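Below sits a lone chain in structure tokens, taken as the form deposited in one PDB entry.
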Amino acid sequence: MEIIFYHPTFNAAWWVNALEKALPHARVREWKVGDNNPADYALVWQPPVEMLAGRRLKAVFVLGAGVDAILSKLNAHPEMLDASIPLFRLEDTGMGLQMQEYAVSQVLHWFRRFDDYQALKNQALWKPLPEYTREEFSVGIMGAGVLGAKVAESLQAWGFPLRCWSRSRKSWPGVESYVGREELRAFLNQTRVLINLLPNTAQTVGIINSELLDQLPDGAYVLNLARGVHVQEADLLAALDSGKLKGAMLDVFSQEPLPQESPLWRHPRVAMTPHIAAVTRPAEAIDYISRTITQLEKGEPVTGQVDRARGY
């Protein structure tokens, strides 16, 4: 079997060896312009259109959790991937734990008011502050998927009330599930820390704007771990300077890297990480990919399929 691989930042050599080692029957190769020789599978991330264009592939594996990049290309260039070719993505593969680290650290940080204590420090002002109660510090997670579930589970253990928002009702003990645009307002109602783990789709783009930010309590927080398009950077800045939002932390942005122009860099109550929240562990990825290929060759059940109708 032939396998092509493309990724603009990963070490192709490592993945080439790793996959061949996992699939002894296979011939894996790094793809690059001019490579129009046959292939059965493709492992990708930010692939050029000429790569998949008109190719007969049994499956395409996206090397991350998000598939918006490739789905937006497939929409502006429908000749890239034929609708018969199943698409896969990485579910967890170590990103679960990394999201739990980030979320638990930062939800605790705001709850203990370390953000204020750093403010007060920079002025050189010793000033104790009243504790927040747990009942007033609810955690709302938009996107209750593979990653949202891992996060909500790490926070539940700490006694914070938890709620989640998704398109389908979830029945997790110790968590309250809000569903669809009808319940979005309710979900935002008593949510203190807004955590975003939504996939970027035509249906979620820009969902965090002035309209959404008004439905949150004053002194609320925003932890954006999904994609930059989800938030209106000018509307975020305005909700902080007004007092609707106590603080925020962002790992993704409108444009990456973020240009120095951006006022986010200069605002003091905005923490920023350069799109590094969760990355796949290559060995766990190799395990999932090789197993799914084994199972696809045998016509047996598989996981991680992208439903292109829903768009994620």
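In case it trips you up, residue 1 is the first one in the sequence shown, and so on. Definition used throughout: the rigid core is the maximal C-alpha set that superposes within 1.5 Å between two forms.
- A summary of the deposited B-factors shows that, of 258 to 266 and 273 to 281, the stretch with the larger mean C-alpha value is 258 to 266.
- Higher average CA B factor: 237 to 245, of the stretches 143 to 151 and 237 to 245.
- Comparing C-alpha B-factors across 116, 82, 101, 92 in the deposited entry, the largest value falls on 82.
- Of the candidates 174, 159, 199, 96, the one whose C-alpha carries the top B factor in the deposited record is 174.
- Sort the modelled residues of the chain by CA B factor and residue 251 lands in the lowest third.
- Ranked within its chain, residue 194 lands in the lowest third, by CA B factor from the PDB record.
- Among the modelled residues of its chain, residue 296 has a C-alpha B-factor that falls in the lowest third, as given in the PDB entry.
- Residue-level temperature factors show residue 31 in the highest third of its chain, judged at the C-alpha atom.
- Among the modelled residues of the chain, residue 286 sits in the lowest third by CA temperature factor in this PDB entry.
Keep in mind the form deposited in another entry is missing from the figure; the text below concerns it.
- Only one candidate in 245, 249, 286, 278 has its Cα displaced by 2 Å or more between the shown form and the other one after core superposition: 286.
- Superposed on the core, the two forms differ at residue 84: its CA moves 2 Å or more between the shown form and the other one.
- Annotation for residue 27: C-alpha shift of 2 angstroms or more between the shown form and the other one, rigid core superposed.
- Residue 105 shows a C-alpha shift below 2 Å between the shown form and the other one [criterion: core-superposed Cα displacement of 2 Å].
- In summary, the C-alpha positions of residue 257 and residue 14 converge in that other deposited form, ending up at least 3 angstroms nearer each other than in this conformation.
- In that other deposited form, the Cα positions of residue 257 and residue 11 lie at least 3 Å nearer to each other than in the form displayed.
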